[PDB]
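Residue-level structural notes
As a plain string of letters, each chain reads:
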Amino acid sequence: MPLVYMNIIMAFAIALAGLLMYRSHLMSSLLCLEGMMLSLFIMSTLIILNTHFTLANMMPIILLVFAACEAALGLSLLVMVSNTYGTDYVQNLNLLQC
Amino acid sequence: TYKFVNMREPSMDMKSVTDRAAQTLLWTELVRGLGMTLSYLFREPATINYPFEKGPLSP
Amino acid sequence: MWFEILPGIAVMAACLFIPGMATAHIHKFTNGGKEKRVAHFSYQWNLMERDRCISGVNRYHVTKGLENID
Amino acid sequence: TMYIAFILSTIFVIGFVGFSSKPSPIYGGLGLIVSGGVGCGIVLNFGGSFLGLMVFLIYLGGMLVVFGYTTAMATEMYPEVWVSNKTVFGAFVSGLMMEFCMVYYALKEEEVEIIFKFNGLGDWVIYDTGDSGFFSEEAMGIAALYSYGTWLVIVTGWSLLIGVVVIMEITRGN
Amino acid sequence: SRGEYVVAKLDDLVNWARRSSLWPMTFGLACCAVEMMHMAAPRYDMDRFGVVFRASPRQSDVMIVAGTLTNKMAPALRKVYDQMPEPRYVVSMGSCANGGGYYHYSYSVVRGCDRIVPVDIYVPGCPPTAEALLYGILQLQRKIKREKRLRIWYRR
Amino acid sequence: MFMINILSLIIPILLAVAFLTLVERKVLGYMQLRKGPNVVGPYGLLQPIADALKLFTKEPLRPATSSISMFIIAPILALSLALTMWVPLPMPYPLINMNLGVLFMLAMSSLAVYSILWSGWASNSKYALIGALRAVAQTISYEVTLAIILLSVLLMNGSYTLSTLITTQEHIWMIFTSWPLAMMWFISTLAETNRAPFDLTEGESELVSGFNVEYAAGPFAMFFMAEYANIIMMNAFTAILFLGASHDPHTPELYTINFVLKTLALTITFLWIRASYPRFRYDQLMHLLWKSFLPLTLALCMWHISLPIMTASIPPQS
Amino acid sequence: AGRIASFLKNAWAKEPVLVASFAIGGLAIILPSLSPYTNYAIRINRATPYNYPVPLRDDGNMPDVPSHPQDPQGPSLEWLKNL
Amino acid sequence: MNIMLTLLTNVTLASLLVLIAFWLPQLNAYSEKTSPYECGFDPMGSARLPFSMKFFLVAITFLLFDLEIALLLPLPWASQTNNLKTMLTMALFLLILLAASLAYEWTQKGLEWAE
Ligand SMILES: COC1=C(OC)C(=O)C(C/C=C(\C)CC/C=C(/C)CC/C=C(\C)CC/C=C(\C)CC/C=C(\C)CC/C=C(\C)CC/C=C(\C)CC/C=C(\C)CC/C=C(\C)CCC=C(C)C)=C(C)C1=O
Ligand SMILES: CCCCCCCCCCCCCCCCCC(=O)OC[C@H](COP(=O)([O-])OCC[N+](C)(C)C)OC(=O)CCCCCCCCCCCCCCCCC
Ligand SMILES: CCCCCCCCCCCCCCCCC[C@@H](O)O[C@H](CO[C@H](O)CCCCCCCCCCCCCCC)COP(=O)(O)OCC[N+](C)(C)C
Ligand SMILES: CCCCCCCCCCCCCCCCC[C@@H](O)O[C@H](CO[C@H](O)CCCCCCCCCCCCCCC)COP(=O)(O)OCC[N+](C)(C)C
Ligand SMILES: CCCCCCCC/C=C/CCCCCCCC(=O)OC[C@H](COP(=O)(O)OCCN)OC(=O)CCCCCCC/C=C/CCCCCCCC
Ligand SMILES: CCCCCCCC/C=C\CCCCCCCC(=O)O[C@H](COC(=O)CCCCCCC/C=C/CCCCCCCC)COP(=O)(O)OCCN
Ligand SMILES: CCCCCCCCCCCCCCCCCC(=O)OC[C@H](COP(=O)(O)OCCN)OC(=O)CCCCCCCCCCCCCCCCC
Ligand code: SF4
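What counts and what doesn't
Residues numbered from 1 in each chain as written, not as in the entry; some residues may be left out. Chains lettered and ligands numbered in written order. Part of a larger assembly, values for the part shown. Heavy atoms only, no water. UniProt positions renumbered as here; feature names shortened; annotations may be inferred. Helix = DSSP H or I, 4+ residues; strand = E, 2+ residues; numbered from the N terminus. Rg over C-alpha atoms; globule rule 2.2 N^0.38 Å. Buried < 20%, exposed > 50% of the residue type's maximum accessible area, 1.4 Å probe, protein only. Contact = heavy atoms within 4.5 Å. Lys, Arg positive; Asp, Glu negative; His and termini not counted. Charge placed at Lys NZ, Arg CZ, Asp CG, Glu CD. Buried area = accessible area lost by both parts, 1.4 Å probe. Salt bridge = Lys/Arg side-chain N within 4 Å of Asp/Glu carboxyl O. Polar contact = N/O pair within 3.5 Å; in protein donor to acceptor, adjacent residues only side chain to side chain. Near = heavy atom within 4 Å. Areas by Shrake-Rupley, 256 points an atom, 1.4 Å probe, with all protein chains shown as cover. Nonpolar A, V, L, I, M, F, W, Y, C, P; charged D, E, K, R; others polar.

Per the deposited record, cryo-EM is how this structure was determined, to a resolution of 2.99 Å.

Identification of chain G as NADH dehydrogenase [ubiquinone] 1 alpha subcomplex subunit 3 from Sus scrofa is taken from the PDB entry.

Going by the PDB entry, chain D carries the name NADH-ubiquinone oxidoreductase chain 6 and comes from Sus scrofa. Under Function, UniProt gives the following word-for-word description of chain D: "Core subunit of the mitochondrial membrane respiratory chain NADH dehydrogenase (Complex I) which catalyzes electron transfer from NADH through the respiratory chain, using ubiquinone as an electron acceptor. Essential for the catalytic activity and assembly of complex I."

Before going further, it helps to examine the overall build of chain D. Scanning chain D from N- to C-terminus turns up six helices and zero strands. In chain D, the succession of helices and strands from N to C terminus is α-α-α-α-α-α. Rg of the C-alpha trace for chain D: 21 Å, well past the compact-globule value of 16 Å for 174 residues, more than 25% over. Taking the principal axes of its C-alpha atoms as reference, chain D extends roughly 60 × 50 × 30 Å. In chain D, which comprises 174 residues, the share counted as buried stands at 56%. Sequence separation of at least 24 residues holds for 63% of the intrachain contacts in chain D that already meet a minimum separation of 6. One finds the centroid of the 5 positive side-chain charges in chain D at a distance of 15 Å from the centroid of its 13 negative side-chain charges.

Listed per partner, the contact involves six residues of chain D and five residues of chain C. When chain D packs against chain C, the two sides together hide about 410 Å² of surface, and 67% of this comes from carbon and sulfur. Taken as a group, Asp-131, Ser-132 and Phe-134 of chain D account for 81% of the area that chain D buries against chain C, more than any other trio of residues on that side. Counting the contacts that link chain D with chain C gives zero salt bridges. Along the contact surface separating chain D from chain C lie one residue pair in polar contact.

Near ligand 1 you find 25 residues, and of these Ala-33 and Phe-53 of chain E together with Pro-48, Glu-204 and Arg-274 of chain F are the closest. Mapping the residues near ligand 1 onto chains gives chains E and F. Contact with the protein chains removes 62% of the 1,500 Å² of surface that ligand 1 exposes when unbound. Those elements giving two or more residues to the shell around ligand 1 turn out to be α2 (32-40) of chain E together with α1 (2-31), α2 (47-57) and α8 (218-242) of chain F.

Glancing now at the site of ligand 5. As a structural note, the neighbourhood of ligand 5 is formed by 16 residues, with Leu-25 and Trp-27 of chain B, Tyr-277 and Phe-293 of chain F together with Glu-15 of chain G the closest of them. What surrounds ligand 5 is not a single chain but chains B, F and G. Here an oxygen atom of ligand 5 sits 3.0 Å away from a polar atom, N or O, in the side chain of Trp-27 of chain B. Against a free-state accessible area of 1,300 Å², the protein chains account for coverage of 71% of ligand 5. Of all elements in the fold, only α1 (14-25) of chain B together with α7 (174-193) and α10 (282-310) of chain F reach the threshold of two or more residues within the shell around ligand 5. When residues of the shell around ligand 5 are assigned to their parent elements, the largest contribution, four residues, is made by α10 of chain F. The class makeup of the residues in the shell around ligand 5 is 13 nonpolar, two polar and one charged.

See the structure below:
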């Protein structure tokens, strides 16, 4: 494996660590979630272009489509939470307990 | 006496409906405004050459 | 009058002439008086590289022919 | 070599470090736009012009909505930047140091991570000698989404329509 | 001297730009503002001379104080004047701006905008005609033409 | 020689921008029964030079509440992208010949959106924020409609190369072929370039100068230059895409003259529209595209997908 | 038919944009299945030689495969020449 | 390489313009000059307070439609295939589903701004 794949995988790991470590805002977590799919897109297209898997070139587009479907879902949930509580803080999502 | 500034209703015959639909799809009144401004472009400007020319005054 | 606008439009047109004519002249100058080769595909690029190799001067636009084969 | 792909990969990682340290959604979106553009550059070097331009365009459109939402839902009196907060600066510096350590180790020797084995050599080395002719393989493979891949089109269209229905239903309230 | 010649030419060039590009702020207070509109009108087109209204104070060089300045309004006038970046000039137009005008002995009128801001040109009249205001603008341009900032600095 | 070509592409564009400022002043004046600038130079030819010198010798200030980093970056990004959009345009030979030359321009325009957003947010003022949000809405609407319209028109072409656009328009004009899409594209370019009736981000009547309310001296001049460069570039793109000019490979100057004349005609049409119409409301602009253009745009996209197949007129791939 | 005529009259007087949109979309869906040139477009796409025509090893029992490109055997684009 | 050089030239020219603008003229800054602008009066609140977004749903629909246009963009190359009928059916299917999304949102009043 070249160092390029190493950098892309490291970027994905950084974005994954960003999502799992909340600070205050739910929006920042959504941005971290969008970055993970960007890294996945880049990695998949790098792999496909290098092996000349011609029919697999349509896969990154489907990846993007469901990426932005998830982004839409997250934005809708964020607006509902903001309407309820006044802020997008993750601290307010504490009514339910384990 | 008095007059109504805006109390007219449009006719619903097919020719008038088609004319209104053509005005909607083809921006007829917008082109009309463009033509008016073009006419003013080709008219003569109304600017005096101050200070070499002065506006009229009275005693 | 309305023709006092023309010098400004004339200057703007003169400014807009410069980029295209300059690009055409530079393309012809750097390609031996001919059009810059368009290589949109690997086949065209391979043709350009072959032209560079066969020219003997490391320039694809130096074209060789029958006098060069024999 | 010129190491263009490696440099762009490093900039990609740095942008990820930024928006993962998470200063505030404005600067997170800025970093994500930078990362998207640099990734477009990376895949352009690797060959995919359409894919690079598409990912860049999609993320430019997406980050526009995020700006409007963080102006409305996710804003505070003093938005945090990387140097504004101790936690954000600590995370940013940690990510930068980890990336620089990996880069230095890979350049100095064939770095084998605890997960995968990486060889420090040419991205130009790994490329292929063969060539196509008078068509773009990537463009043809993407255009095969309609002739081939009728199933993928169906599931994708159904997902998009259901996504519209869902986002309308979630925000209904009442 | 060579340096004196260079600075004279340079500050003639700089003064020409400021004279020939004047951007008054969109700021009118009372009946004197209608004559500003008539100066903007086709008859005495101010756009000929490079005089163009800008709404934002950050993008204006001249403040034409045209109308009565009241006690309730003086802070706003000073605020926008301060927000105008330098070099900036003031043209007080009409009697109300110049002195008190018809409202000099009033509890609610500032007797002159020169109590609030440093005024460069005073245009008399109630209201001054559009030609009078245009003459004031030209006099301001001729006043700018005499400024020698680089010539002062070289001898400084 | 490539640096020389870059300079020949950059400097004349800036000169044309300054004289477009002058031309717009004079055209609006003569349509409003005035004369416009005619005092500074011969027929007012030195007015843009005076304006530029005044702006760049005036003092620029950073507001106390502003974010200085994004306050500075935004004009830089705006002007950089405005100059960059010109590099793939064939006149008749592009500076940079791209296989996908249209998607590059779409992506760079979508990036040019963010300059006004970041300048408005960085200024930290309410008028700037309102202008930025108006920009967000406007870009939403015009972006979707522009994407689909360009897709259909290039579908009549065969590829995404502007030289192939010239080859396609060798015989007739895309305006004759597809005039409805041409009308909708012209409206969409008005919205994209923020020209009247869609000048909502910098709407002086409602907001005091809009998003660049806090910008002064040089940084303001850069926003003005970027906007006018975008105007000229969009008009040139429209002229290439719909008003095709005959190309002679041995004497390319004729194509340059025709292209310049058509670009000037479209720019003058922009100024004419600004002088002729009132300003939209931004909710009415959003409802205009989604509820009027988007249905017709989708129907015309279906029509232009089907038409080459049913008439056996599919363009060559290369 | 009167109900349909009244509905179309009302739609053409209130939403001509939508009337035109639906008409164009319907024409786009229906017309290609009736045009006789769809097969011609398919054949033109087939006739384009993107890749190399690899020759066949002759077994002595291939009368329909030309020995030379100019031989009468093989596909003919005479229909495309006069089109 | 050429595109990188062009981008570097454009960015360098813009940065030089900013540098000249911020260093050539005489500077005189004080508290009143650099205060925020609110038509001459001090702002009551802050510009960083939340600014309600009355078109929040249209933005999400814009995200989804941006995906749709991304799917539609490779159509010029897909029209060179031999399966013209399948290509046409799939393209029309995608466009009809996009139109159906728009019609559903329009009738369910998703394009009406919040009051
Ligand atoms: C307060 O109540 C009121 C009043 O009061 C009482 C009034 O009166 C009025 C009446 C007013 C009105 C009716 C209108 C006023 C309102 C407005 C909003 C103004 C309306 C005006 C217009 C619509 C048109 C006027 C024009 C405007 C506003 C545009 C402004 C112009 C600029 C910003 C120009 C600045 C930009 C420039 C100059 C471009 C930058 C320069 C360049 C690019 C040039 C650089 C070139 C180079 C670097 C190249 C150099 C190298 C070369 C040449 C070669 C070198 C080569 C080498 C090899 C070395 C009203 C309504 C009112 O309500
Ligand atoms: C960061 C960018 C680097 C690359 C720059 C590339 C070229 C840039 C081209 C654009 C220039 C823009 C300005 C144009 C000129 C007008 C403004 C002007 O004159 O500004 C000059 C500025 C002017 O200072 P000022 O802050 O008073 O500016 C006011 C200027 N007027 C009056 C005209 C409004 O000069 C300086 O700041 C320095 C003057 C001498 C003092 C030197 C101090 C030491 C540090 C620098 C010298 C080198 C030290 C080496 C050793 C270090 C270790 C000990
Ligand atoms: C935009 C890109 C940057 C350009 C950088 C500068 C490039 C050169 C700029 C061009 C300079 C133009 C100077 C114009 C001369 C003024 C014209 C003339 O009319 O002015 C006369 C003389 O003007 C002044 O005396 C001096 C003007 C400038 C003289 C030359 C200055 C130095 C120019 C050469 C140096 C430029 C390069 C060095 C800097 C880079 C006085 O007339 P005026 O009263 O007003 O007109 C009133 C109107 N009336 C008549 C109808 C009533
Ligand atoms: C009807 C069954 C109902 C119960 C099951 C419902 C499951 C969901 C609905 C699924 C319906 C489609 C299933 C069949 C997919 C066919 C895929 C493929 O095999 O057929 C294509 C044929 O496609 C046809 O043209 C029609 C495709 C379907 C048309 C639209 C149907 C939409 C129905 C689904 C609506 C969305 C709901 C999905 C979620 C419920 C390929 O033809 P071909 O030419 O050889 O392709 C060339 C390939 N080459 C190059 C290798 C030769
Ligand atoms: C390339 C150069 C093109 C130059 C074109 C310049 C035109 C003139 C420029 C001045 C106009 C610019 C300012 C005007 C901006 C706003 C214009 C505008 O409003 O247009 C939208 C207008 C107004 O809508 P409303 O009145 O609000 O009604 C809504 C009811 N709910 O509605 C529109 O959508 C019109 C857009 C044009 C539609 C195209 C005409 C469609 C005709 C279809 C027939 C062809 C079918 C093709 C199939 C052929 C079958 C054989
Ligand atoms: C299936 C084939 C078509 C494929 C798709 C067609 C292309 C894309 C068009 C669809 C986009 C979305 C359509 C949305 C339709 C419903 C929207 C709606 O609610 O409209 C209402 C209802 O108004 C109507 O009248 C419904 C539209 C009726 C149009 C359908 C007519 C059918 C056309 C038959 C073709 C006849 C041929 C005549 C040719 C004439 C010349 C072209 C009015 O809108 P308002 O909410 O009042 O506006 C806001 C006011 N505050
Ligand atoms: C052929 C070879 C080349 C020949 C020509 C060479 C020079 C070309 C121009 C280079 C740029 C200008 C160089 C510096 C000029 C002198 C500026 C100066 O020192 O001004 C100092 C002075 C400040 O005032 P002071 O006396 O200090 O008072 C303190 C405040 N109470 O006064 C001021 O600060 C006055 C305010 C303005 C100062 C800046 C403007 C000076 C002239 C610039 C002209 C060119 C502008 C170009 C703009 C960018 C391009 C559009
Ligand atoms: S000086 Fe006269 S005209 Fe002017 S504001 Fe006062 S009363 Fe009105």
